[PDB]
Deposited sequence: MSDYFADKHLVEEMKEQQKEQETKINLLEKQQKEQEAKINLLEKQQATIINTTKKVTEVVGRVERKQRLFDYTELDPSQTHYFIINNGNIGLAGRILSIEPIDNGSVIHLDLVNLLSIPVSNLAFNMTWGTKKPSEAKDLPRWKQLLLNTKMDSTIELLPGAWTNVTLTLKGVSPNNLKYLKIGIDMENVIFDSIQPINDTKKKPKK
């Protein structure tokens, strides 16, 4: 009763053997999983980096594409400017800004850069001061339809009435072209 049964210990040895095999398989599978995991990590880093690069490039391109959607300027510090939507090219020269009942009035000359006339252009305009959300809420906007005839190479007089802002506060202007009713001839 001080000592152990031989057969019981034999069974123990067999069990220890089976455990040995199991432990082996576990170690092996563990190495496999380690490899796969490392591979996954590195691939992920690569993806994140490449994505980073792509977003930067695409941001630059978007930024440059903005130039065809509209023209932004400070009418207090600009004489000549250009409006180009990829179809119609116009040049503008600001003659003067004058106060009129509640707001400002921009007198300017517009000129059709093309070889054929363009008529009945409409202008999308937003204006204000030189911030992000309220400065955007403090911007007024409108679409000016026109019957203006722009003959090729001819500086033509145009008046932009902008209510709500005095001349000395008028330091922001975003202007774009609406081509809904455009006719490529004399009106």
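Unmodelled regions of the deposited sequence, numbered from residue 1: 1 to 2, 133 to 138, 196 to 207.
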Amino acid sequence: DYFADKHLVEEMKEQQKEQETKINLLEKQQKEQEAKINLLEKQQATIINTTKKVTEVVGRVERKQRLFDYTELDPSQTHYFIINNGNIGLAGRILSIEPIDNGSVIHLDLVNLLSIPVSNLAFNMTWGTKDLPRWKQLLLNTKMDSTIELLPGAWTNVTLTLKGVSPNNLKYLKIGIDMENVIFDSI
From here on, numbers count along this sequence of modelled residues.
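When the mean C-alpha temperature factors of 138 to 146 and 57 to 65 are read from the deposited coordinates, 138 to 146 comes out higher.
Two stretches are in play, 69 to 77 and 110 to 118, and the higher mean C-alpha B-factor belongs to 69 to 77.
Across the residues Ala35, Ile47, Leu162, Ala154, the deposited record lists the maximum Cα B factor for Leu162.
Within the listed group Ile82, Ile94, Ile88, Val105, the record reports its top CA B-factor for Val105.
Among the modelled residues of its chain, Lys130 has a C-alpha B-factor that falls in the highest third according to the deposited record.
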